[PDB]
Amino acid sequence: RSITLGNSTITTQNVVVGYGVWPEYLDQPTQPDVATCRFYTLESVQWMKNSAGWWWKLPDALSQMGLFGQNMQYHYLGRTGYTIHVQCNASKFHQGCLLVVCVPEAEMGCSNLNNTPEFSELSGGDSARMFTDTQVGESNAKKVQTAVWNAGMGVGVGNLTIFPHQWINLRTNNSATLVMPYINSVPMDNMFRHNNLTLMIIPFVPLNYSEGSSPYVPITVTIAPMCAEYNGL
Amino acid sequence: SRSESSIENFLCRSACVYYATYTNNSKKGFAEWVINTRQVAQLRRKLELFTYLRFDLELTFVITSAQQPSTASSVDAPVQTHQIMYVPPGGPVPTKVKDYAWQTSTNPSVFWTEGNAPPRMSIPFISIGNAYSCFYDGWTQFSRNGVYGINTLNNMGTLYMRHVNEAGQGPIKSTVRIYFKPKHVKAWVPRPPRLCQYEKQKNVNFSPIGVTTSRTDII
Amino acid sequence: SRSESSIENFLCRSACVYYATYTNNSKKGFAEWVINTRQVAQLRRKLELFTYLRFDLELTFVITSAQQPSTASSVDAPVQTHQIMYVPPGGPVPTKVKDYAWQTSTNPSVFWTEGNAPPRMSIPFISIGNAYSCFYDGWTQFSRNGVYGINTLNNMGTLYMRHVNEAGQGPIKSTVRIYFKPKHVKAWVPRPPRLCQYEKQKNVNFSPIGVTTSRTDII
Amino acid sequence: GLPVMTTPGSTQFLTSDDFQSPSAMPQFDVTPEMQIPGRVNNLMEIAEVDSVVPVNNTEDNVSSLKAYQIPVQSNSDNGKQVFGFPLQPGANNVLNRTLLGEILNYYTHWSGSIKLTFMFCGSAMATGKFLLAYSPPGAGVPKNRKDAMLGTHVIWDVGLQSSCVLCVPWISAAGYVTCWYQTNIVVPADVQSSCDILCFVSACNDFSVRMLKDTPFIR
Amino acid sequence: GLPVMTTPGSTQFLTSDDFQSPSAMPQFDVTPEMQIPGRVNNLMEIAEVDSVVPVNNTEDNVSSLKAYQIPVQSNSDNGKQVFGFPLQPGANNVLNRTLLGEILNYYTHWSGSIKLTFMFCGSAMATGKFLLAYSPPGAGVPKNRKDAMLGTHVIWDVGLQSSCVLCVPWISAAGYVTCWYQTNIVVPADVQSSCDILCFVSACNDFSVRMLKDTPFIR
Amino acid sequence: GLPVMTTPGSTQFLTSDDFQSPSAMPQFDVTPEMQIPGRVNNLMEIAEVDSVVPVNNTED
């Protein structure tokens, strides 16, 4: 409860760790931590009744987040870990269920079978891109196919529980916590042409309430890098 | 019976991945196959269960010939001989049958005549990284402009095949079936199996289909 | 990764150094290759980085035949056989296909029929001195008059190839590609790499070219 | 030399052999391994995780997220069935395309048990009771609540426990996991009544598979 | 006799094999070795020496000895660039045809550091100061003296030291080693002002190369 | 390599040989044995039992 990192504080009260490994460190690479290990809090999204889902490409959402987004421009390479805290504050009169996965190397498919989706439609700067419950027509040229039951990757969406995940059930749970180590083939990769993680949130059981309650539920995502290092003289 | 579900028992198999023909008299008849894993749709689905693989490689070629219709006058030919050149990633590439890139020193080739055992050769795990990647969420590395999701760091090379005997009396065309076999497989970070049908060889594009087959009632 | 830049890993390779044809019916059809290192321009540049080399030698011949257009009347021939004679430095030399110099006892030959493995033979380091010399600043030794820069002390011999079956019904011409491979290489006193283009096989003559490619400004 | 004798089956290509092999590129000095998280040594480590079962197919919910939800309302009937699915394998049933069912379709003979975890995704002020009956193979499906109680069953109280696990064997009429209303869903004022239920499947014990084959989910 | 069984890939010619071989001339009694000075065991012993870099190409100095000299005069401007060259490899840059760049073009992947020794070949009564800035990869070229000071740099006093060494890594916008006037060249009477500067390159640490290929400096 | 020399009768198919053989399906993990009653090790264990002799053939 009331953990602090640098000059930021959040308050919590279970934690699922990656693939059973804690994040850890390895010319000469330098290890900066005083400008990075702090809770970067993204803006909150609203879970309405006719909602479908959200996704964040993970070293893209923190590209304008202060002194972590400056090291991405100055330093050429680097590896990172993460620690994600997702929580939705709803009352005892609401009901629903959320699935919070963290997909490594989540290559997504275009709406057209002959092209590839453009850069602005995969990720935005610290703003969640959202799915839709219908099919995107093939008359469009470069857009991501965002049907929820396929999760954009051509896979069954029920089988997404093989990744490190945590269920948020509004009857008995309030928050989730994920710890993700560095998962890549090379020990240091470029942080602009590569998005090695993807945080997805998908509501299976949709939100329901009676007439009178608040017609939305805000969800708060807080990301904090852990054990980051770069390559530079 | 727990040993049959291991990674070595699941992946160390053989599969016909390529099948192409070439004749000798057409002055441009040779073969080409860029080595990848996304050729057949039955092995691509099994290697897509994991994200990072690392294996040695073992290839065997089954070459058979067939006499094309010649003109006349009692064709009688000796045994045929073939050359199977392997180009490493970042090497010269031939464009004609008579070219400098065949007679180079770096590209290791095999030579094989008919009526013998098939010509097996084995390629070790060659790359710059530490593992292969069936999936890549990003743009191409080391380039001015990059197509989405290519990952040129995994590149196993190319194969080229041609006849090395010139005979004018009889034209002979020949087929080749390349057999593919991983060895000493290590796999990391599993991944759920593909549901939708494959459409193209380059990308993971698809068309949205339902989850499973339907029934008439829940009970 | 320091072991790939060793001398053995840099030079113990294979290279097609010669390619010549010969037919049987022409009464003078045979092959000849004086063994040297200055044949191909890609191996000559690598052996010119050092001055004194000393290696064993290993050769493999890829022989293939091709039926020439005969007259008529159902040509049917048996398997062919070839003779590959190696003449040491200072030996007899044939000038016709039927000659005494083939049937001598000192010149070691191999005999080989079709449809088998290629005929490898290996020549040890033969010389009078202690090393070879790619460069020689002087006139020829042991002679009345000497051409500048020849150095007859390095002389590895000559190879000769011919058919050993006479058939009148069908003419057959055959090719041969000689593969070259050093073994147990020792190199002394390194030498800077060649910049200008090669022009002749005998000498180190050249035409003057600039140092490198130019740019538009110093800054 | 040494006298040998070739046995039958010598110069053949069996696709399922294991011999030594000549390496195409020796002296390469390949990249050493790196500790990548999450190594897969066996395929039964994939099946042990839980996955959601599409119980609610019903001919138009398969192309939506409604297939994974089981609708539970407040009704006026005295005893009523919520859902029910057989365990007959491979023939269009619900456990075919799940994460457990994709490994067991790469094999022909398999045997083990199943964990079936349910989850009540409703309000926190809602209460109720459900029966979770399991009919063994050979016995028919219960057509009534009273003889569904007389078999093996687990009565699941919602307000006390949000998730109840029902273990069951599963072998390659073969079983039913039908579920019944015991009491209605009692709810306070300004709370909705139409609650939902999810269903999870897993592998409770270690499975035993044999005789690998191809999967039928391809063209 | 003994029962054997021939495996596939038996009677093939792989060019990159290593087997035993029948010697063509046994019983020869070859010449023993002699201690010749300067034996080369590795190719990285060639790269460790220094070589002059043609910084001053400029479209008509390449066919002269003026390409190796960097002109330094006495000017009236306040802060000015002397030279500058990028470190992007292989694409017509200055370090391509040097003695270090000829070994690293026989390989595909390499990584190491560089010593860059300068030398002021001017009079003994002349004084001055120069900046030696190095821009890391990713950062742009400095367009001004003031922000060229703010990076990593070495200020080089001529009258105290005639040669200053600047170490830098070099990997297969990628870096700049630009150089700036700090003060002018102060000179006495009856001494010239137009002095020159040479540039040397070397290998500071041990390089690591892999996957040998052919060089592109041939027809 | 090693010098060998092929003897006559080498690439022949004798039907009554006993050699090694390449297995078509390795890595199969076959079913272990079960104690089934009445194992036959020799054919003379069949002949030791008694049987009735048709002494009275007599054409019908």
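Every number here is computed from the coordinates shown, using simple stated rules; none is lab data. Here the Cβ positions follow ideal geometry from the backbone for every residue, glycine too, while neighbour counts run over all protein chains shown.
Matching residues to (1) surrounded by fewer than 16 Cβ atoms within 10 Å (Cβ to Cβ); (2) within 14 Å of chain B (Cβ to nearest Cβ); (3) of a type in the set (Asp, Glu); (4) touching a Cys at 6+ places or on another chain (Cβ under 9 Å):
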{"residue": "A:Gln73", "(1), (2), (3), (4)": "yes, no, no, no"}
{"residue": "A:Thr80", "(1), (2), (3), (4)": "no, no, no, yes"}
{"residue": "A:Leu98", "(1), (2), (3), (4)": "no, no, no, yes"}
{"residue": "A:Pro117", "(1), (2), (3), (4)": "no, yes, no, yes"}
{"residue": "A:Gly125", "(1), (2), (3), (4)": "yes, no, no, no"}
{"residue": "A:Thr132", "(1), (2), (3), (4)": "yes, yes, no, no"}
{"residue": "A:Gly158", "(1), (2), (3), (4)": "no, yes, no, no"}
In the range B:165-197, what residues are crowded, with 17+ Cβ neighbours inside 10 Å, within 11 Å of chain D (Cβ to nearest Cβ) and in a loop (DSSP other than H, G, I, E, B)?
-> B:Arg191, B:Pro192, B:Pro193, B:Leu195, B:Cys196
Picked from the range E:16-36 (must be in a loop (DSSP other than H, G, I, E, B) and in contact with a strand residue (DSSP E or B) (Cβ under 7 Å, 6 or more places away or on another chain)), the residue farthest from C:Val87 (Cα to Cα) is E:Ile36
Name the residue, out of A:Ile201, A:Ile183, that is away from chain B (no Cβ under 11 Å), under 21 Å from A:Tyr40 (Cβ atoms), under 17 Å from the mean Cα position of the chain (by Cα) and not charged (D, E, K, R).
-> A:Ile201
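Just to be sure before I move on: is B:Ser70 more than 14 Å from chain E (Cβ to nearest Cβ), hydroxyl-bearing (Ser, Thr, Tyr), within 30 Å of C:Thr71 (Cα to Cα) and assigned to a loop (DSSP other than H, G, I, E, B) in the structure I sent?
Details: more than 14 Å from chain E (Cβ to nearest Cβ): yes; hydroxyl-bearing (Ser, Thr, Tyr): yes; within 30 Å of C:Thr71 (Cα to Cα): yes; assigned to a loop (DSSP other than H, G, I, E, B): yes.
So B:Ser70 fits the description; yes.
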Is it true that some residue in the range D:77-98 is within 10 Å of chain A (Cβ to nearest Cβ) and within 30 Å of A:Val103 (Cα to Cα)?
-> yes
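Matching residues to (1) within 7 Å of another protein chain (Cβ to nearest Cβ); (2) crowded, with 17+ Cβ neighbours inside 10 Å:
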| site | (1), (2) |
| --- | --- |
| C:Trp102 | no, yes |
| C:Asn107 | no, yes |
| C:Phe111 | no, no |
| C:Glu114 | yes, yes |
| C:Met121 | yes, yes |
| C:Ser133 | no, no |
| C:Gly138 | no, no |
| C:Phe142 | no, no |
Test: residue in the range D:75-95 that is under 15 Å from D:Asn56 (Cβ atoms), among the hydrophobic types (A, V, I, L, M, F, W, C), over 12 Å from the mean Cα position of the chain (by Cα) and surrounded by fewer than 20 Cβ atoms within 10 Å (Cβ to Cβ) | yes
Among residues of the range E:33-71 being aliphatic (A, V, I, L, M) and under 18 Å from E:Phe83 (Cβ atoms), the residue nearest to the other protein chains (Cβ to nearest Cβ) is E:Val62
Examine the range A:146-156 for a residue that is loosely packed, with under 15 Cβ neighbours inside 10 Å and either of a type in the set (S, T, N, Q) or touching a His at 6+ places or on another chain (Cβ under 9 Å) (or both), and state whether such a residue exists.
-> no
Filtering the range E:168-219 for residues that are of a type in the set (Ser, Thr, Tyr) and more than 30 Å from C:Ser1 (Cβ to Cβ) leaves a count of 5
Can you tell me how many residues in the range B:152-164 are within 14 Å of chain A (Cβ to nearest Cβ) and either over 18 Å from the mean Cα position of the chain (by Cα) or closer than 26 Å to B:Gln103 by Cα (or both)?
-> 1
Pairs, first at the interface with another protein chain (Cβ under 7 Å from one of its Cβ atoms) and over 14 Å from E:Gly90 (Cβ atoms) in the range E:204-217, second surrounded by fewer than 16 Cβ atoms within 10 Å (Cβ to Cβ) and basic (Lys, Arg), C-beta under 8 Å, six or more apart = E:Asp206/C:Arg2; E:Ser208/C:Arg2
The number of residues in the range B:139-166 that are out of contact with any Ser or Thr (no Cβ under 9 Å at 6 or more places or on another chain) and at positive phi is 1
Count of residues meeting criterion [touching a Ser or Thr at 6+ places or on another chain (Cβ under 9 Å), surrounded by 14 or more Cβ atoms within 10 Å (Cβ to Cβ) and within 14 Å of another protein chain (Cβ to nearest Cβ)] in the range A:18-49 | 1
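Residues D:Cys204, D:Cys195: which one is surrounded by fewer than 18 Cβ atoms within 10 Å (Cβ to Cβ) and among the hydrophobic types (A, V, I, L, M, F, W, C)?
That would be D:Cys204, the only listed residue that is surrounded by fewer than 18 Cβ atoms within 10 Å (Cβ to Cβ) and among the hydrophobic types (A, V, I, L, M, F, W, C).
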Here are E:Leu95, E:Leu132, E:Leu116: which of them is in contact with a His (Cβ under 7 Å, 6 or more places away or on another chain), of a type outside the set (S, T, N, Q) and closer than 19 Å to E:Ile197 by Cβ?
-> E:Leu132
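Can you confirm whether C:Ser26 is away from chain B (no Cβ under 14 Å) and within 23 Å of B:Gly170 (Cα to Cα)?
So C:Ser26 fits the description; yes.
Criterion first (of a type in the set (D, E, K, R), surrounded by 13 or more Cβ atoms within 10 Å (Cβ to Cβ) and either farther than 30 Å from C:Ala20 by Cβ or away from every other protein chain (no Cβ under 11 Å) (or both)) does C:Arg215 satisfy it?
So C:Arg215 passes the test.
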Is it fair to say D:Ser111 is assigned to a loop (DSSP other than H, G, I, E, B), surrounded by fewer than 19 Cβ atoms within 10 Å (Cβ to Cβ) and more than 10 Å from chain A (Cβ to nearest Cβ)?
-> no
Being among the charged types (D, E, K, R) and within 18 Å of B:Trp188 (Cα to Cα) is the filter here, so list the residues in the range B:127-144 that pass it.
-> B:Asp137
Could you tell me which numbered condition D:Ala173 fails, if it satisfies all but one of (1) assigned to a strand (DSSP E or B); (2) within 21 Å of D:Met149 (Cβ to Cβ); (3) of a type outside the set (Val, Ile, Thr)?
-> (1)
B:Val87: passes all of (1) more than 14 Å from chain E (Cβ to nearest Cβ); (2) buried (at least 18 other Cβ atoms within 10 Å of the Cβ); (3) under 17 Å from the mean Cα position of the chain (by Cα) but (1)
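Could we say that D:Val30 is surrounded by fewer than 18 Cβ atoms within 10 Å (Cβ to Cβ), over 21 Å from A:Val205 (Cα atoms), among the hydrophobic types (A, V, I, L, M, F, W, C) and facing another protein chain (nearest Cβ under 7 Å) here?
Yes; evaluated as a whole, the condition is true for this residue.
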Test for A:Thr172: is it within 22 Å of A:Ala90 (Cα to Cα) and under 19 Å from the mean Cα position of the chain (by Cα) = no
Given the conditions (1) crowded, with 18+ Cβ neighbours inside 10 Å; (2) out of contact with any helix residue (DSSP H, G or I) (no Cβ under 9 Å at 6 or more places or on another chain), and given that B:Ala66 satisfies all but one, which numbered condition is not satisfied?
-> (1)
When you scan the range A:50-148 for strands (runs of 3 or more DSSP E) that lie fully inside it, which ones turn up with 3 or more residues that are of a type in the set (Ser, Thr, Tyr)?
-> A:77-88
